[PDB]
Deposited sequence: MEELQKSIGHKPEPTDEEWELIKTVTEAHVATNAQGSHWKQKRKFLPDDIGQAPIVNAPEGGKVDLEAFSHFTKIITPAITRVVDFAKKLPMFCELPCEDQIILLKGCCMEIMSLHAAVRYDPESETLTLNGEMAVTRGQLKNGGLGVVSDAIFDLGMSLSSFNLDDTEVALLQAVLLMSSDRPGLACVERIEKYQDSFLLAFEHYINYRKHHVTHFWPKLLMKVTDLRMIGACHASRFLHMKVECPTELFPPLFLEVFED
């Protein structure tokens, strides 16, 4: 009765087993979104920083937390726990830059035109560029300004995160056909959650599924910026986890 409800033009809202998952998933997001005061605490980085290595510096610091937020949200999901140590790791390395991105874009203030990193620092497109990310920063900023229209909610950001995390495409995965079922499950629940929210933007699900791809790009480019970085005459200022995540 899914494809059917489609043809009759009804938009299926979540079901019992789904509103469950949605809760289980929404909670995580919220239990790791330290949220009510970022636009408040957000420290504007001195514009003379990143006009780079200095700005890179900052970023580098306040990043270990940012990676853990992803790490902790994954810990809460029983789907992510049913999987091996190995896939678990793979999965987190794969989705990490994707999640921090969302986290970065959802915190975009169209006003001062900056993104807020780690819920503390506020930087401009130029600062994030010259800091060591180049194009990716335009990709994250541009994403942000697009999401400032999707008006996502804790659930929507959360389930997004979830779809990012359960990627059966990551190289090395062992339990492939199972992470897919888990993904497939999240996607469905997302759509349904979407219908239930009934936004007023046509193609919301298609539009939104494109951000998933976009985030995957940023993610891919970021791996390429992470190589252009390791040079610069490497070593120092590269936090251990930041290094383990992306190798």
According to the entry, C-alpha coordinates are missing for deposited residues 35, 53-64, 261
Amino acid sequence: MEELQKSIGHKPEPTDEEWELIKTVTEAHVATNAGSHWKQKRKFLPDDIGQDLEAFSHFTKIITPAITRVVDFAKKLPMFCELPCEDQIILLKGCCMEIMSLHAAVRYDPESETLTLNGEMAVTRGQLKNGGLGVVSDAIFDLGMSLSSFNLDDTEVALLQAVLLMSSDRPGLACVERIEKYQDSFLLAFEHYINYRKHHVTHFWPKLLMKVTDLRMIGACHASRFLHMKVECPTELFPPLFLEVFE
From here on, numbers count along this sequence of modelled residues.
When mean C-alpha B-factors in the record are compared for 118-126 and 155-163, the larger belongs to 118-126
Between the two ranges 76-84 and 96-104, the one averaging a larger CA B factor in the entry
76-84
Comparing recorded Cα B-factors across 218, 194, 201, 208, which one is largest?
201
So among 49, 188, 70, 34, who wins on Cα B-factor in the entry?
49
What third of the chain, by the recorded C-alpha B-factor, contains residue 57?
highest
Just say lowest, middle or highest third for the CA B-factor of residue 29 relative to the other modelled residues in its chain.
middle
Compared with the other modelled residues in the chain, in which third is the CA B-factor of residue 64?
middle
Give the position of residue 213 by CA B-factor within its chain, expressed as the lowest, middle or highest third.
lowest
Among the chain's modelled residues, which third holds the C-alpha B-factor of residue 137?
lowest
